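Overview (structure and organization)
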Amino acid sequence: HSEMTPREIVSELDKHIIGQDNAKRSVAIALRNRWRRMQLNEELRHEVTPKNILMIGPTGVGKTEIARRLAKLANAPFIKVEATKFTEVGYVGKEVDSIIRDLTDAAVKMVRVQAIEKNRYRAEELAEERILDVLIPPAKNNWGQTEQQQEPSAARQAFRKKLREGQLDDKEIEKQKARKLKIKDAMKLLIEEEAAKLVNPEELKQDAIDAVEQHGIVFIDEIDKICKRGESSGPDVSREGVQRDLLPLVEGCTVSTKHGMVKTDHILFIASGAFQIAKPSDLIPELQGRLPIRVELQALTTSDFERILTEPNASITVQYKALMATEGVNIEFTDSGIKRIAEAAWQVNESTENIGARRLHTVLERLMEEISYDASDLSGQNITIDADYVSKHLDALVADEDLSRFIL
Amino acid sequence: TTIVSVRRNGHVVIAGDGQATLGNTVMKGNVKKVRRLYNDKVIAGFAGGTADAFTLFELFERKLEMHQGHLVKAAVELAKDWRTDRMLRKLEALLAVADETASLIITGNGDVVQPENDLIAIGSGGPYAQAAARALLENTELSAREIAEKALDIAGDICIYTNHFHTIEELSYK
Ligand SMILES: Nc1ncnc2c1ncn2[C@@H]1O[C@H](COP(=O)(O)OP(=O)(O)O)[C@@H](O)[C@H]1O
């Protein structure tokens, strides 16, 4: 769909993800390839398949984020499944086809909500005419000067102008309606009333299929958790099973959905792993083949942490400022304040368990717990979160490890 | 009754008397037999029920709305239903209708008639009016209004069913 060059894709991705440039280019080549395909002939369009990617890296460093923004950047249906979610099907459990179903039920919850945007003006334009007709019951067979029904547009224009907020005046209009009612109702009762007429069925739902088949993006988290490990055997065939079960989906097949027959042949798959226990070559042959692209993501550094705090669009720090504004409070982060927030986050991750950038949300959130509460009773103030503030609120917590496993 | 219409020098008119008769006596002497239609653009006169009118003229107005002021068409479309619609079929009358374009007669039969010179003379006194109008129109420089008027008087003078109450409706255009 999008005509963005890889380089432009990576750029656009740099607005939400710090670092991890390689994974960015990998995911960017993939998207651009979908464009590259449509520019080919009949034969070669069937033959050319998605270049599925296998992202390799430690927790919370941007794997899913990259895949989510990539998806969002191409207004593509996106689904994220955890691979072990099927390791129990040997006893019972969701079938893998569910992936394509969900990638469909959300590929719908998408075309639906996005059919409310396109149809949010129609009910308030060529449909607000409902009340205006009961405000000034049109002439007995309008004449015909294509400006005659635009003429009032004096008596008329006055009713539409006064309808800029003034209502609650009960009337009635038209299974059409007829029923007598208000306007904080007849008007809204009109919103949906005239909107279901513009949107049809066998195209809306027929399109979700079109999307999924053409722009679907499946993200299989922890694919490494279904590889074989030298600890047992019974659980391995269980794992290797999910691999075989996943095989049809990435090799090309047909799945049944209560919306129609979906074809996976062109769904893009981004698998994800840590590969500390297993290695990508432990994946079954058929799967390694369908996972041509391999890209690693590095662990995050304190500097990456500082940058993640403020650089992205709608960064946690930015959001925070916004939210405190809601309370009429002006929050401000000095460079050293942020340098310390990141510092703390790094400390806890190093002293206890490493959870990557996630740690910033809990640290940031604890740090602010006080302002968040008092925010309403501080209205009209300029609060500055500087290094001092940061230290007074986090030091004790970070310093105390056992407490860190609970509170941070 | 006598309805007279005349057109001369960018001036068209329709004039009528006001006598309604029942047997050998006068029921009323001031019946308005000439009105105005289509946002005072189209004039008209008639012979018949006061309701048949208020039904045949209202509709005619709509046919004009369904045919952009084009007199003739609405007219053609009018006489259409008037001879078809089960109900409409019962109304009896003679509409004289005229606009800057042209003037003509519609009859329950569905006919649309354009008289020799946009000269209309319908009703029991019709011919006496026609005779006097024709005379004047061919031997004097008088005006469309002066014609219909004088023609109408001549009529009411000959016609036992026509009086001297008038209702004139002009229209200037040039
Ligand atoms: N490189 C990065 N740039 C921006 N945000 C990041 C980055 N890495 C992690 N995060 C943040 O941490 C959370 C971790 O999830 P995610 O990024 O999906 O990675 P993973 O799939 O490895 O757990 C996300 O909500 C994201 O906002």
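Positions along each chain are numbered from 1 by the written sequence. They may not match the entry numbering, and residues without coordinates are not shown. Throughout, the order in which chains and ligands are written sets their labels, letters from A for the former and numbers from 1 for the latter. Part of a larger assembly is shown, with all reported values restricted to the visible chains. Working from all heavy atoms in the structure, the side-chain values ignore hydrogens and water.

Per the deposited record, the coordinates in this entry were obtained by X-ray crystallography to a resolution of 2.80 Å.

What follows is about the nonpolar core. All names here are of chain A. We define the nonpolar core as a collection of buried residues of types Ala, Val, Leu, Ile, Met, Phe, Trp, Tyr and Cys that are connected through side-chain atoms lying within 4.5 Å of one another. The cut-offs for exposure are 20% and 50% of the maximum accessible area for each residue type, with area from a 1.4 Å probe on protein chains only; residues under the lower value are buried, those over the upper are exposed, and the others partly exposed. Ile331, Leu367, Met368 and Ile385 are the most contacted members of the largest nonpolar core, which has 60 residues in total. For the purposes of this description, domain bounds are those given by an automatic or database domain assignment. When residues are assigned to domains, this core turns out to be shared by domain 1 (2–109 + 209–297) and domain 3 (300–407), each giving three or more. Once residues lying within four places of it in the same chain are set aside, the contact partners of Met368 are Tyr320, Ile331, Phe333 and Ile385. Of all hydrophobic cores here, the second largest spans 38 residues; its members include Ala107, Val111, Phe269 and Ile284. Contacts between residues were defined by any pair of non-hydrogen atoms, one from each residue, lying within 4.5 Å.

All names here are of chain B. UniProt positions are given in the numbering used here, feature names are shortened, and annotations may be inferred rather than shown by experiment. Following the UniProt record, one finds the feature "binding site: Na(+)" at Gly156, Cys159 and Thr162. In this text, helices come from DSSP runs of H or I with a minimum length of four residues, and strands from runs of E with a minimum of two, each type numbered from the N-terminal end. Note on placement: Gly156 falls in helix α4 (residues 144–158). Leave out the neighbours within four places in its chain, and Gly156 touches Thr162, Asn163 and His164. Following the sequence through the fold, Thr162 ends up in the loop between α4 and β11 (167–169). Every residue in contact with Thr162, bar those within four places of it in the chain, is listed here: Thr1, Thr2, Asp17, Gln19, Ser124, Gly125, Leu152, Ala155 and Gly156. Here a polar contact is taken to be a pair of N or O atoms separated by no more than 3.5 Å, where protein atoms must pair a possible hydrogen donor with a possible acceptor and residues adjacent in sequence count only if both atoms sit in side chains. Within the structure, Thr162 has its side chain in polar contact with the backbone oxygen of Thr1 (distance 3.3 Å).

Okay, the sheet that holds strand β2 (residues 12–16) of chain B next. Hydrogen bonding along the main chain pairs the strands of a sheet, whether they run parallel or antiparallel. All names here are of chain B. One requirement defines pairing of two strands: DSSP has to find at least two bridges between them. The strand order across the open sheet built from 4 strands is β10-β1-β2-β11, with neighbouring strands paired in antiparallel fashion. Strands with a single pairing partner mark the edges of an open sheet, and in this sheet they are β10 (120–122) and β11. Taken over all neighbouring pairs, the strand axes of this sheet differ in orientation by 10° on average, direction set aside. Relative to β2, strand β1 (residues 3–7) runs antiparallel, the two sharing 5 bridges. In the sheet register, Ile3 faces β2, and the bridge partner there is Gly16. Across the face of the sheet, helix α3 (residues 126–139) comes into contact with β1 and β10 while running at roughly 160° to β10. A fitted line through C-alpha atoms represents every axis, and for helices the fit uses only the stretch in contact; the resulting angles, taken between N-to-C directions, go from 0 to 180 degrees.

Turning our eyes to something else, we now look at the interface of chain B and chain A. At the interface, 6 residues of chain B touch 6 residues of chain A. Summing the contributions of chain B and of chain A, the shared interface buries around 580 Å²; its carbon and sulfur component is 32%. When two parts are put together, the accessible area they lose, computed with a 1.4 Å probe and summed over both, is reported as buried area. Broken down residue by residue, the surface that chain B buries against chain A is led by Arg62(B), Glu65(B) and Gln68(B), which jointly contribute 72%. Here chain B is connected to chain A by 3 residue pairs in polar contact. Residues of the side of chain B that touches chain A, tallied by class, amount to 2 nonpolar, 2 polar and 2 charged. Residue type decides the class: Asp, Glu, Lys and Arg count as charged, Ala, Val, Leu, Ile, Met, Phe, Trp, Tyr, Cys and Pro as nonpolar, and the leftover types, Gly among them, as polar.

Attention shifts here to the UniProt feature "binding site: ATP" in chain A. Residues and elements named next belong to chain A. Per the UniProt record, "binding site: ATP" is annotated on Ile18, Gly60, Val61, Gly62, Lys63, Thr64, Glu65, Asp221, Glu286 and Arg358. Structurally, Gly62 is set in the loop between β1 (53–56) and α4 (63–73). A relative accessible area of 14% places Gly62 in the buried class. Residue position: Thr64 is located in helix α4. Setting aside residues up to four positions removed in sequence, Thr64 forms contacts with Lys80 and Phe219.

With that settled, consider the pattern of salt bridges. Whenever a carboxyl oxygen of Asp or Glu lies within 4 Å of a side-chain nitrogen of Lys or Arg, that contact is scored as a salt bridge. In total, this model carries 31 salt bridges over all chains according to the counting rule given. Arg120(A) is the salt-bridge partner of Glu117(A), the closest N and O atoms lying 2.7 Å from each other. Residue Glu117(A) is classed as partly exposed on the basis of its relative accessible area of 34%. The residue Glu169(B) makes a salt bridge to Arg36(B) at a minimum N-O spacing of 2.5 Å. Residue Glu169(B) is located in strand β11, and its partner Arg36(B) is located in strand β5 (residues 34–37); the two are separated by 133 residues in the primary sequence. Look at the salt bridges and you will find they share partners, linking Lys94(A), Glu95(A), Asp97(A) and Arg101(A) into a network.

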